[PDB]
């Protein structure tokens, strides 16, 4: 009697979309296109403005240390308000689960993407997507702003660690994250259609469209200076692979392509992504990305709304001034500046994703999934990934020396040292707990020092000293040392760095240690950094990138349980004066070329 077709789970998605769209008011439509921060959301706001989506931006959590159930109860509280609207359209909640569900205390933290590139193991990355989707659903969240498919062309960019590689082919291969997060697409699948398998999967997001990895001087907020040919040949291809794998959403770059702001680029967003690649999911802005269309940012927000929505963006990550956004867009539609056809297209795409993914059938969190958070199988996977990511750059000072690695687990006394040997937050890097990461024991994990203590024979005495002097080392009766140093956590706008040298004490500790005893240096970094001096001092040196919460991945290789297999996914420069300098360039003079990596055999 009271049958409503969009509420019928047995109906085809396109019929449900069209049935719902035909019923919606303009307020209901513009609400769907609006994404807000949890920080500004209340039940009344969500209901009264018919809100379509929420997010947690970096560090946006219900409280420090919050359990999986606390996150579920948060998300469900917001959902209950959404489901209480006239039409009962469930919100989608988005988060940056970019190396695990990394805002959440106790989530497994996987290596960052640059290290995943070093594994050259797309099936490993798919399995990471799988595990990540489980840990995201453990917290009640249904959408991950991942993968970042940037092709970072200059390691001075502060997000270079979010790129699998400077080589688009490796980036393309690691789009296997998508069917991990979302599920494998049907055999009959049409490229560009969105797909999510159901309540144990999440919607994914290929980001940031397009050429975010190309930006002049590394910088971003900035211009990506190259022609159609290098756009199409370097920066774009992985977006086609993402279409073929049913990526549900695409996020637009803050960047510009040849002086045109991506958030205002109709030719690329509508002409290419939608009309040429036949993308049928939704296009989301970046954080205040429409604001940044103008200079200064936010100085003509009316223009920002007109320009972005006419360019083809579907959902706007406001994320705070939702009343201004909705008011302005409403005015634009009432005035005929934005046609109803454009609103209807945006809403069609958002609804298409929501229906496809089963969000109308399972709008609420599954309490039984809470135990997927930080689950030990997932940590075992992260430990495998971390080990596979390690690139061995040196293993002996001369070709006649005994190879230092693998180290024996049985020795009378060994030294573990360095700023990075017992600091979980430094080993995770940015996008861990906080936006910019943090120092010290910020989540559940195993530092390098703890990993060493867990690996060695019970007779081996392990001494830790963060920054020992040369005399301490020479007097200590050590068999060897493991010294871990490197970069502090960062994101784009502390991490855009011109000198790329590691902070002190880092080199000075390696010199003091290695001057006294043979030493294996573990370099923790988001990118290649100035390395000759560290190499000169070290018997062995490993580029461990940002390996995440499972430090036993490092020791699994140091102690020979597995052989080193990682290969550089980026060029290692001799000097920052050379940059940009990528594989295949004409003037190509690397310290280590892309693909370089020494090996060991398991003992």
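Residue numbers count along the first chain shown, from 1.
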remark   = For 126-134 versus 166-174, entry-based mean Cα B-factors point to 166-174
query = Once you work out the mean C-alpha B-factor for both 310-318 and 500-508 from the entry, which is higher?
reply = 500-508
query = Between 494, 207, 352, 420, which carries the biggest CA temperature factor in the record?
reply = 494
Out of 237, 106, 526, 117, residue topping the C-alpha B-factor column of the entry = 237
Record-listed C-alpha B factor of residue 559: chain third = lowest
task = Using the B-factors in the PDB entry, rank residue 464's C-alpha atom against the chain and give the third, lowest, middle or highest.
result = middle
task = Using the B-factor values recorded in the entry, state whether the Cα atom of residue 389 falls in the lowest, middle or highest third among the modelled residues of its chain.
result = lowest
key: Ranked against its chain, the third holding the CA B-factor of residue 570   = highest
task = Pull the Cα B-factor of residue 383 out of the PDB entry and bin it into the chain's lowest, middle or highest third.
result = lowest
